[PDB]
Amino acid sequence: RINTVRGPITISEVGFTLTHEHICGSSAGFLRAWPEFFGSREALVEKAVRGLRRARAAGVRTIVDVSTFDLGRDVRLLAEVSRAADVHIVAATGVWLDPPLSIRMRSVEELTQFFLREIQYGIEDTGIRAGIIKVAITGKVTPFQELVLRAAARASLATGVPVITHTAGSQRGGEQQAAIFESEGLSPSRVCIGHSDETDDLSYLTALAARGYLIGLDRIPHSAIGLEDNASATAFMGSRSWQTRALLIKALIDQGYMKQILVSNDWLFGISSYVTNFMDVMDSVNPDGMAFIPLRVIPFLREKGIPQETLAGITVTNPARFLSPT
């Protein structure tokens, strides 16, 4: 069974899944300390409920919120929004790119114990258990990031929950992450190399898929095309069109790796970890929010000739296989 912020669900209940999302991108404790940065907590909840309900109308049944402790994960927020939108949310453990000292001073053994607490016992005092481990790296894996990857591998092996990654500031990092994961004996079928739609290097994508990794083509709506005079948008969202990202889905299908593909928007309903009012910039690029995948990318791939049951396999079957602990 798969643990969600409302409790455990069966594989049949997962449905159409977005595998790389967030309710809010923040920092530990920040939403509780300065909710007015988001207007108010109540406003953020309203926005996320409206957005998740729109995604639900368009067919979404589950999202994976990959927010870690250091990205400000507030599981009580996740649960409130999941319940009011009536959309399943899987919560994450792990470490993103902004660990505070209390995290980045820890050893691999200590990190392993922290992840196991959040998966096996619960997050904070809530009893809500994580269903995925998120890890993020920078171009060249730092010593501390290698400790995070090894601890993630150890926690996945103990619990069966999967690991999802991404690399910042580099269009490729999967080969370096995969080498660490395999040195710990982790099966590639437990790992999603996230944000792989940041590159057009098909050789790199196919070789990872061929080893059994999941390929997260999961920032599809992120494009600053038309926002050239806004340098902060270009840096965060890139200069490649959503179509260019989506066609990587077609390319991996066409090479026989339909079962290795996971798709998402990498959206959120508030963000404080970047420049002020960046939420408004993202919203102006993609008014559809989390509904971008079902409403625009799916029809786009159908128009290019991909059969509907292959798309159903990518959006339903693959994420259920990935999330189910094994």
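In this text, rigid core is short for the largest set of C-alphas that superpose within 1.5 Å between two forms. Note that residue numbering begins at 1 and tracks the sequence as displayed.
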Stretch farther from the shown model on average in 5 other deposited structures of this protein, with CA RMS computed after core superposition (183-191, 170-178) | 170-178
Could you check whether 250-258 or 216-224 drifts more from the shown form in 5 other deposited structures of this protein, using RMS Cα distance once the core is superposed?
-> 216-224
Relative to the other compared entries, is residue 240 without coordinates in a third or more of them?
-> yes
Once average C-alpha B-factors are taken from the entry for 295-303 and 273-281, the winner is 295-303
Read off the CA B-factors in the entry, average them over 69-77 and over 138-146, and name the higher stretch.
-> 138-146
Looking at 64, 33, 268, 57, which has the highest CA B-factor as recorded?
-> 57
Have a look at 251, 123, 90, 155 and flag the one whose Cα has the highest B-factor in the entry.
-> 251
Third of the chain's Cα B-factor distribution that residue 218 belongs to, per the entry | middle
How does residue 50 rank on Cα B-factor within its chain, lowest, middle or highest third?
-> middle
Going by the recorded CA B-factors, say which third of the chain residue 165 sits in, lowest, middle or highest.
-> lowest
Place residue 242 in the lowest, middle or highest third of its chain's C-alpha B-factors, as listed in the PDB entry.
-> highest
Sorting the chain's CA B-factors, does residue 201 end up in the lowest, middle or highest third?
-> highest
